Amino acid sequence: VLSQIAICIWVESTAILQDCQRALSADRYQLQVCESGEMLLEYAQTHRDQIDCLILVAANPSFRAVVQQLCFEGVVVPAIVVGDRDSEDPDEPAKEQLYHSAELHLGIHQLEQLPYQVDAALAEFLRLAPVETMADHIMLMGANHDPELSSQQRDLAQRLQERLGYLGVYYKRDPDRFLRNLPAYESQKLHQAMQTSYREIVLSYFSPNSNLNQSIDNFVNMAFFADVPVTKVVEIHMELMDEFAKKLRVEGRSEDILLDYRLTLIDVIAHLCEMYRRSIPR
């Protein structure tokens, strides 16, 4: 029970084309090949509601022009941009947005597992819609995009979600206790608690018989239910490494040993990851 995926691709290199055709050989994928920018435009504006994912070679003649016209006509669909333009090393993935904010970037040699990248493009578009097109704007603002009616993106997304989404049950984490929603006092409090917990983890990490799994669980629970960005976990790890580095300096010990706790970090993050992963329904 998985929907067909309507893929349209603007490609003018035969090698790239065949790479795509091979990767997307599964019956699930329906491929439209466009061999020129004008032909791509002609297909898009006449098949506006029949394109699930665009695959666009960035080096193709009049790329920015074609993309800009696409954005102006309101053809903003999930997309994979292959390579870059002949000045910024064409074979390699681009370092900035060319079409829109949910686009994926692939080098010409990262195409063998295209099914998974198509999954990623679709999902990311579904997550970010309405998407900031880096070709419709443009220096104006606005509030700061629009036509307010050009949010047919929403509609597209909705359509897509009927075919590529599925409902499932999740635990109602209280958004008021999310880190990003905490007032200063609470924020500071959670910060200190998480520091204390992580310090327990570090102190007992290399000790035998210490119930490591329990301390780690204690930290990870707070990280998960307060919806803490992984970077903040990293941040805590380093604040602790600083505390210990000062303690070691003062006591005349080498701080090199701190490198070992990189293994702790991995561990913790691993756990956090698996908590999110195993929480995905079905």
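Quick note: we count residues from 1 along the sequence shown, nothing fancier.
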property	result
Stretch with the greater mean C-alpha B-factor as recorded in the entry, comparing 253 to 261 against 216 to 224	253 to 261
Higher-B stretch (mean Cα B-factor, as the entry records it), 94 to 102 or 174 to 182	94 to 102
Options 81, 141, 120, 193 - largest CA temperature factor per the record	141
Maximum C-alpha temperature factor, selected from 113, 211, 188, 197	211
Assigned third (lowest, middle, highest) for the C-alpha B factor of residue 58	middle
Chain third (lowest, middle, highest) by recorded CA B-factor, residue given as residue 278	middle
For residue 67, the third of its chain into which the C-alpha B factor falls	highest
Position of residue 169 among the chain's modelled residues by C-alpha B-factor, lowest, middle or highest third	middle
Within-chain third of residue 235 by Cα B-factor, per the entry	lowest
